[PDB]
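First, one chain by itself in structure tokens, the form deposited in one PDB entry.
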């Protein structure tokens, strides 16, 4: 792909983070803590899952960023509406305002309803995410495998401003402590 020149500098929004997340000083890395991180509750925080949003809001144009997923067993990545549900249980679907892919139990799936099997020969260590607001497109790229396409959501009905979306996943296994990291331009 040739989307690299739409690169945007994403930072994480602490106020949206689940209360167990640890976000680095530079707001470019996030991991699951082993306990509550001693923050006050608020209506923005994701309560049920280890999720956080980027601070940036997008309503036009073409945007591209990259995320490092090295050694993680489970995660979700993509974009979502600014007005997605924060509290309680919900599924990641375009009906609920999410355009995402994930790793879970050694398989990769796109967050359609119902979910779609992805075909990845080279497990990615870094994922590229491309949004074309006007075109209604969200695409995912395997940076480890020379930028090969993973998945394209097309005919997207964003219906609002978009924010970068992250889930570091639970760490019940003791094998999923590694962070998500926003990779440098």
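Residue numbers count along the first chain shown, from 1.
Same protein, other form: the form solved in complex with a small molecule, not shown, and the subject of what follows.
Residue 153 belongs to the set of residues with a heavy atom inside 4.5 Å of the small molecule in the deposited complex. Shown alone here, residue 135 lies farther than 4.5 Å from the small molecule in the deposited complex, counting heavy atoms only. For the marked spot (65, 128 and 143), a heavy atom within 4.5 Å of the small molecule in the deposited complex is absent from each of the three residues.
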